[PDB]
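Chain by chain, the residues:
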Amino acid sequence: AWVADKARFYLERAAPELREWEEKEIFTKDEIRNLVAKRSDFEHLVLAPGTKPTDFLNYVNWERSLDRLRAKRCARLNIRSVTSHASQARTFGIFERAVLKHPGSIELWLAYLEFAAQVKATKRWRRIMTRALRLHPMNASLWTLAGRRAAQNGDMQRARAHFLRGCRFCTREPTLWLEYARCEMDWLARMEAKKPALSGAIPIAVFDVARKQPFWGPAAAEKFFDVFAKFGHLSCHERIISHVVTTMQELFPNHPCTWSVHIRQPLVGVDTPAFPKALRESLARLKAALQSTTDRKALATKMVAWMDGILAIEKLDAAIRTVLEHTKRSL
Amino acid sequence: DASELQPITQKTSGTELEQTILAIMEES
Amino acid sequence: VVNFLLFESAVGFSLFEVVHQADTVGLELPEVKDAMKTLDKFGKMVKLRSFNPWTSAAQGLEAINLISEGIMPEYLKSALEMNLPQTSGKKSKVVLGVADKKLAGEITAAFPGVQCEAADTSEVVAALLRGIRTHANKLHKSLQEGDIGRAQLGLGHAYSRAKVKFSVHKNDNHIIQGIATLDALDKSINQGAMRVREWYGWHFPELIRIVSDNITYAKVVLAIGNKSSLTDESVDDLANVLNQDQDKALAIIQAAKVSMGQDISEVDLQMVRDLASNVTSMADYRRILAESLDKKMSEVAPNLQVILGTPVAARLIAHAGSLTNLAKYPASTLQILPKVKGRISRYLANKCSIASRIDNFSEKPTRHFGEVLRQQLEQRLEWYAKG
Amino acid sequence: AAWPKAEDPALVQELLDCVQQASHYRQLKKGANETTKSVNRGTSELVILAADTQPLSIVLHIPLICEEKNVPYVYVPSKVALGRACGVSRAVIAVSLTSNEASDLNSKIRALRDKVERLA
Amino acid sequence: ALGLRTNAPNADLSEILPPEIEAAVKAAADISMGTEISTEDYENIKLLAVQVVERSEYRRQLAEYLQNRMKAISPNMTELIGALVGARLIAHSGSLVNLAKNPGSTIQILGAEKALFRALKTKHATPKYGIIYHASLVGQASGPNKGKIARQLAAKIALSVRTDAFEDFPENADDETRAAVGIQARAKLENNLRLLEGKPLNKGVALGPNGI
Amino acid sequence: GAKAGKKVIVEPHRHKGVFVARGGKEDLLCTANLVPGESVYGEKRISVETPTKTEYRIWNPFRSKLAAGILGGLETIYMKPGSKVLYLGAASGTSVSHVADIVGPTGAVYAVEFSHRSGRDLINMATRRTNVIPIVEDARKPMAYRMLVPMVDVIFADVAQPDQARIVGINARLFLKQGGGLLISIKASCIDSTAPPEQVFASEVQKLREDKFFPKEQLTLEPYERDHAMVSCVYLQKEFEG
RNA sequence: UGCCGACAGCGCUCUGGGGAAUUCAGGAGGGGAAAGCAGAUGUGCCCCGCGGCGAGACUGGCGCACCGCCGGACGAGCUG
């Protein structure tokens, strides 16, 4: 190859900050000797033809912990002149050659994105997310992280851009559809907290297109109900709950998931006197679902999972807890 | 600039879903 | 001066931004050709912009159908959005490299700011694309899942079969191998029959001395137990096995009374009836396959099934190899597969040749031409009876 | 099914004419079995196939072998008229003609197969 | 157990074989290229599989039967060399008294008689054994070791089969006192095997770096 | 005939992969078939008890012009066992199977055909033989199977068409490695059927040289199928492989 | 295709000729290899300069197949 000369370039890049650190009393001769030798060995094995992104991450964490230790020793030594910028830039060069070398390691992608999100390279992080998202169009994890950090920063329009493109591409799994409805209703809850948006028809619409999505499953609609049932403290939450219930009751009539949501429907914003009354109403719904002709083992597994969750919620009456125990044992 | 993702509009409207949400946001 | 290019592949489709792209004057040259050839001089040429794999086999298949038509799917269009900067060409445009002329024209229609460039015109992007398909596995390995050989393999199989309607009228493999099975198991039935026949006759030879139909021999030994526990019409067995009251069971009883053979150990009798049960089960499977082959032969080649009969017609088609082979065969070839008998042989060879080409070349076969030709051979049998 | 059909406008008539020429000139095999044997001996120069037949599957299998041998064929619309052109006193659905390399009949046949190749 | 490759993902397989095989079969089913068939044919396919699996189980219980019977017929022989082995020997023999008529080296050269008379007719080298190769106890040696154990094994085979076919027993005679002969042979030949194998190798003048 | 049952001998021929079997009063040509024991089209075959899995197939010249060429003793047929070969004119697949048996498992041949039912026979053989890829389309528009054909090394062509030179020229423009190779075969009676055949061949080879080919061998398969030829050229270099 | 082989000739080669071990100096080929230093400057900010996108609004003149052209200069929002 040509590794000797390319590493000559990179070690000559590394030279002057170490010269600064040696004219400082922060690191001694033997220490900087050890450092340069380690960096040379690192960069050599990095630029080796037969290569792997694990060793790439090794060099990554090595330079990162270098910046950390030098910062700590600088603070202990009460020095102010030396910065971390050259260390950041050489870390970026390591990452840049890493991503040009392996376009196939999503874990290393996320490692780069985490390092950038920690060190405050805003526009850079946006553009790197752009590149890698173009590269891997088939990870809802990537699409969700993009739209999620955009929704976190507050660019809801760019969040919609990322999420809408991800919905346009990924069409085999409903997971990013779940998370998109999650962030849309979370933005709506943010609007209600800062208190069209008065209607809040976007989760209705995304369910309308999900109804003919290729991954169209009854259990998928059940998970849609679950994520809609999260954070029920809103305005049109009863509206969307009624809509999804009547939609899946119109489409999957005798499905055990339809019976499960018919059980767990009116518990949208429950946690107080309104808790046990709705508990008894949903228990009547549950007894009706039990006596109705559906897949009783499937419905009972659904209800025993949800009832184990209910038992995980504390602050209840012992008579209620024991009759849940009885109705659980009788399945 | 192909360095980022500028947000979507009816010109770059892809599907029925995008058409519906863009109709809602234009109504907004 | 090109910027990007698409590329179509059996595993997916991609686009690439060319940086330090190729000379347009310098294209006949040896050095530019060897530089194109070597990967070590071409990665600096082409950088990956983005990649897109297939979701499903039917998805990539319909993609092939679309691109062979020249028309595109909205998800490649989505990739064009997902990697193209939005514009129209009011001040600036973007150069895309496309192979097929219809494809390039349609993308230019779909997007105003793009000049797509079909390689059919452009020797430039043709040469670029040939470098692409040159190193098309080694610009992907880090991101490519698995391989491309088996992908091209299965995908081409499916595309061929879709365009040709393959499985909807090929069944002769099942036909002839079912025939092979029936012959194999039938001879194995014969061997099991003779073996367990002499093998039980060591204990009791009057069963051979009276009883033929070795499957009925197997039934009566699995029902017989030992030599001493005999009665004629015990429960639900000999009435439908054979004549039960006055013809056979009494003769079996008196044969066991006059019997002389060696008394058998119990585990040996267990072995005997294990063997006999095996014999009966495989004979039952023979009758199952016989009904099955009659049905399948009726489904695929009715005219032959009526003119010859399913066993012999299936013998001939198996020795042929395929119905297409049978159709390919000439008449004297069908002979190879007094004088009046050879004359009839030639005549029936002609007629089954015609019935064969009929059945091989009807979409959903019929029966009536086989019926009328069966009547032709019947009246020809009458004609040769008149002599 | 019989998509390389010969069109009407006297093209079929030049076909039947050359059939008459070759039938007198003994360069002719007549009947489908003769066609298959001639094309599987590779002596065939061209073969004409009727489309007026009780089921067409015979003159559908014959194009399979001529496709397997890369020598031309053409669909006349009339088995009766082809048989009359050959002079059989009987209808024929398949007639083939071979090559004899010293004539101008071969020039005629070259023209005819150029015609059918432009048809295909 | 697998139905169709349509029924690839819902079929249960781990009962017959470990995964890392029975996941790759599901992968091969998913991206396979075998042609689509009918259930009217898959009936016949699965029923033929039923045939052959009942056949294989029949062979299995048949072997178990023959093992019981070999234990019954010749305790020395089955305790020494293997039931299926002595089964091959009696198969060539014709009967047990027939085999006990033959001398031991001939026992060593049962079966391979085509090669035997080839060699005897052309004065070639003579073949070294018979069914004794696919017998077990010769399996552990190497070359000349294999040959020597084959000969001595044959001698004890002769002795033991004459024992089993001609030593009378009072019928309150246990299998172990019936087969103690063959067990003696097994122990003594096992020690013979380990000694002939652990023949010390040949030493040599060990050199220094100068050859010193 | 060298009748069924005659003990024969087989040895390698000059070419990497093909074999020649001599015997008695008649020798012939064979290939080790990949798919075991099974005939294709009533072709004769050869079994050897190797000291089961060792089977060869006799190769009729008169059915397959590649075999005509191997009898005509070509300079270099370019197809090593384990090589990528675009076939063209793959009608009913016999010769194609032979090339398949040449290249074996580590090779692959892309079998393109125009019509349908010859396609049916071809794809039947494509089910059976695990290294030949069926493609049934119009050869004149190779962008259709641009999805299927990668860059290959060797181009077989046996179509009988007027635009044959341009057909294989754009297929060379699309699917042939740097320093590529090709065998094509030509009939005078289908390129232009009044002229003398040698002149027709010169016209076709000059065409390919205008398609930037380097003509590097020619022969005339003379005692086997009149006034044809096999022509061997190299794509865009003077030497063959690299 | 077995050895042995006299003169009389031809062929190579001759620090004799083989065979084996072993050091080195070269060669030629095949398979594999992401094999890629086209000009290498930390992040974040806003501002300037300049550039693209980009909603919307205009206008000039032409148009005897009459169906449409071609051109300028303003411009919310976005970006480098």
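Residues numbered from 1 in each chain as written, not as in the entry; some residues may be left out. Chains lettered and ligands numbered in written order. Part of a larger assembly, values for the part shown. Heavy atoms only, no water. Residues with missing side-chain atoms left out of burial classes, pairs and counts.

Method of determination for the deposited model, per the PDB record: cryo-EM, at 4.4 Å resolution.

### What about the overall build of chain F?
As a reminder of what qualifies: Only runs of H or I of at least four residues qualify as helices and only runs of E of at least two qualify as strands under DSSP, and these elements are numbered from the N terminus.
The helix and strand tally for chain F stands at six helices and 12 strands. Seen through its C-alpha atoms, chain F measures out along the principal axes to roughly 50 × 40 × 35 Å.

### Structural notes on the environment of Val25 of chain E
Residues and elements named next belong to chain E. For clarity, the threshold we go by: Note on exposure labels: buried denotes an accessible area under 20% of the residue type's maximum, exposed denotes more than 50%, and partly exposed covers the range between, all computed with a 1.4 Å probe on protein chains only.
You can see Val25 is positioned in helix α1 (residues 24-30). Overall, the relative accessible area of 37% leaves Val25 in the partly exposed class. In this structure the C-alpha to C-alpha distance between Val25 and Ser14, which are 11 residues apart in sequence, comes to 11 Å.

### Here we look at the interface of chain C and chain D
The condition that has to hold: Residue contacts are defined here by distance: any two heavy atoms, one from each residue, within 4.5 Å place the two residues in contact. Residues are grouped as follows: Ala, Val, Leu, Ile, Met, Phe, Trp, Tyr, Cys and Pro are nonpolar; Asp, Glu, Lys and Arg are charged; every other residue, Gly included, is polar.
Between chain C and chain D, the residue contacts involve 10 residues of the former and 11 residues of the latter. Broken down by secondary-structure element, the contributors of at least two residues to the side of chain C that touches chain D are α15 (323-328) and α17 (340-360) of chain C. Considering every element that reaches the side of chain C that touches chain D, the biggest residue donor is α17 of chain C, with three residues. When grouped by side-chain class, the residues that make up the side of chain C that touches chain D number seven nonpolar, one polar and two charged.

### Some points on the UniProt feature "domain: Nop" (unreviewed entry) in chain E
Defined as follows: UniProt positions are given in the numbering used here, feature names are shortened, and annotations may be inferred rather than shown by experiment.
UniProt marks residues 73-198 of chain E with the feature "domain: Nop" (unreviewed entry), using the numbering shown here. Between the C-alpha atoms that bound residues 73-198 of chain E there is a distance of 36 Å. The span itself is 67% helix and 0% strand.

### Comments concerning the packing of aromatic side chains
Definition in use: Pairing of aromatic rings covers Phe, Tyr and the six-membered ring of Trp, with a centre-to-centre limit of 6.5 Å; geometry is then stacked below 30 degrees between planes, edge-to-face above 60, and tilted otherwise. Criterion for a charge above a ring: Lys NZ or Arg CZ within 6 Å of the ring centre, and within 35 degrees of the ring normal.
The full count for this structure, using the stated rule, is 26 aromatic pairs over all chains. Consider the rings of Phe13 of chain C and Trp54 of chain C, whose centres lie 5.5 Å apart with planes at 35°: the pair is tilted. Residue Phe13 of chain C is found in strand β2 (residues 12-18), and its partner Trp54 of chain C is found in the loop between β3 (46-53) and α2 (57-69); the two are separated by 41 residues along the sequence. Here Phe13 of chain C and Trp54 of chain C have matching classes, each one buried. A network of ring pairs unites the aromatic residues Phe207, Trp216, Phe224, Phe228 and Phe252 of chain A as a single cluster. The ring of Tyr10 of chain A carries the charged tip of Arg97 of chain A above its face, separated from the ring centre by 3.7 Å.

### A closer look at unusual backbone geometry
In this model, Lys165 of chain C sits at a positive phi of 60°, which is unusual for a non-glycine residue. Looking at the element boundaries, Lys165 of chain C is found in the loop between α6 (149-164) and α7 (172-201). Its identity is not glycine, yet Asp227 of chain F carries a phi of approximately 55°, on the positive side. Here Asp227 of chain F shows up in the loop between β11 (213-219) and β12 (228-235).

### Quick look at the side chain of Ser83 of chain F
Residue and element names in this part refer to chain F. Formally: Any pair of N or O atoms that falls within 3.5 Å is considered a polar contact. Within protein, one atom must be able to donate a hydrogen and the other to accept it, and sequence-neighbouring residues count only if both atoms are side-chain atoms.
Note on placement: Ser83 falls in the loop between α1 (65-72) and β6 (84-88). A relative accessible area of 6% means that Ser83 is categorised as buried. A polar contact of 2.6 Å, which involves the side chain of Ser83, links it to the backbone oxygen of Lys80. Ignoring sequence-local partners within four residues, the contact set of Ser83 consists of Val103, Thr106, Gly107 and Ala108.

### Some thoughts on the arrangement of the chains
The interface with the most contacts, out of seven pairs of chains in contact, is the one formed by chains C and F. Separated throughout, chain D and chain E approach each other most closely at a C-alpha pair spaced 24 Å apart. In this view chain B stays clear of chain F, with the nearest C-alpha atoms of the two still 26 Å from each other.

### Comments concerning the pairing of strand β5 (residues 114-118) of chain C
All names here are of chain C. To keep it simple, the criterion reads: Only strands joined by at least two bridges in the DSSP assignment are considered to pair. If the strands point away from the viewer and the path from the first strand over the helix to the second runs clockwise, then the crossover is right-handed.
Side-chain alternation along β5 places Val114, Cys116 and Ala118 on a buried face and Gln115 and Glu117 on a face that remains uncovered. Bridge count between strand β4 (residues 94-98) and β5: five bridges; the pairing is parallel. Looking at the pairing, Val98 lines up with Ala118 of β5. Regarding topology, helix α4 (residues 101-110) serves as the crossover connection from β4 to the parallel β5, and that connection is right-handed.

### Some words on the protein's contact with RNA strand G
Where we set the bar: One heavy atom within 4 Å of a molecule or strand is enough for the residue carrying it to be called near that molecule or strand.
As a matter of local geometry, RNA strand G sits amid 35 residues, with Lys6 and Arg127 of chain A, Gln6 of chain B together with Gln86 and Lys138 of chain C nearest to it. In RNA strand G, the atoms that sit within 4 Å of the protein are 58% sugar and phosphate, with bases accounting for the remainder. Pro49 of chain A is positioned with one of its backbone polar atoms (N or O) 2.8 Å from a phosphate oxygen of RNA strand G. Taking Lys123 of chain A, its main chain carries an N or O atom lying 3.0 Å from a phosphate oxygen of RNA strand G. Contributing elements (two or more residues each) for the surface near RNA strand G: α1 (3-23), α4 (85-101) and α6 (122-135) of chain A.

### Remarks on the sheet that holds strand β8 (residues 132-136) of chain F
Hydrogen bonds along the backbone pair up the strands of a sheet, which may run parallel or antiparallel. All names here are of chain F. Counted only if it meets this: Only the stretch in contact is used when a helix axis is fitted, and all axes are lines through C-alpha atoms; the angle between N-to-C directions ranges over 0 to 180 degrees.
As summarised here, the arrangement of the seven strands in space is β8-β7-β6-β9-β10-β12-β11, forming an open sheet in which the pairing is mixed. The sheet is open, and its two edges are formed by β8 and β11, each paired on a single side. For this sheet, the mean angle separating the axes of adjacent strands, direction not counted, is 20°. Those strands touched by helix α2 (residues 94-103) are β6, β7 (108-113) and β8, and its axis lies near 175° from that of β6.

### Notes on the sheet that holds strand β4 (residues 45-47) of chain F
Residues and elements named next belong to chain F. Strand order in the open sheet made by the five strands is β1-β2-β3-β5-β4, with antiparallel pairing throughout. Single-partner strands in this sheet number two, and they are β1 (9-12) and β4. Pairwise comparison of adjacent strand axes, ignoring direction, gives a mean angle of 35° for this sheet. Strand direction decides the pairing type here: strand β2 (residues 19-22) and strand β3 (residues 28-32), joined by three bridges, are antiparallel. When the bridges of β3 are listed, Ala21 appears paired with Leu28.

### Brief notes about the pairing of β1 of chain F
Residue and element names in this part refer to chain F. The pairing of β1 with β2 spans four bridges and is classified as antiparallel. In the strand pairing of β2, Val10 is matched with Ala21. Where β1 hands over to β2, the hairpin turn is made up of six residues, of which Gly17 adopts a positive phi near 115°.

### Some details on the packing of α17 of chain C against helix α18 (residues 368-385) of chain C
Residue and element names in this part refer to chain C. Let me state the cut-off plainly: To sort the angles, those under 35 degrees are grouped as roughly parallel, those over 145 as roughly antiparallel, those from 65 to 115 as roughly perpendicular, and the leftovers as oblique.
In the contact formed by α17 and α18, the axes pass within 11 Å of each other and the chain directions differ by 170°. On the basis of the axis angle, α17 is roughly antiparallel to α18. Where α17 approaches α18, its residues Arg343, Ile344, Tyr347, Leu348 and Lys351 are matched on the opposing element by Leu373, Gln376, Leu377, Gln379, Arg380 and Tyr384.

### Let's talk about the interface of chain F and chain C
Of the residues lining the interface, 31 residues belong to chain F; the matching set on chain C comes to 37 residues. When residues of the side of chain F that touches chain C are traced back to their parent elements, those giving at least two are α3 (117-128), β8 and α4 (164-174) of chain F. In terms of residue count, the dominant contributor to the side of chain F that touches chain C is α3 of chain F (seven residues).

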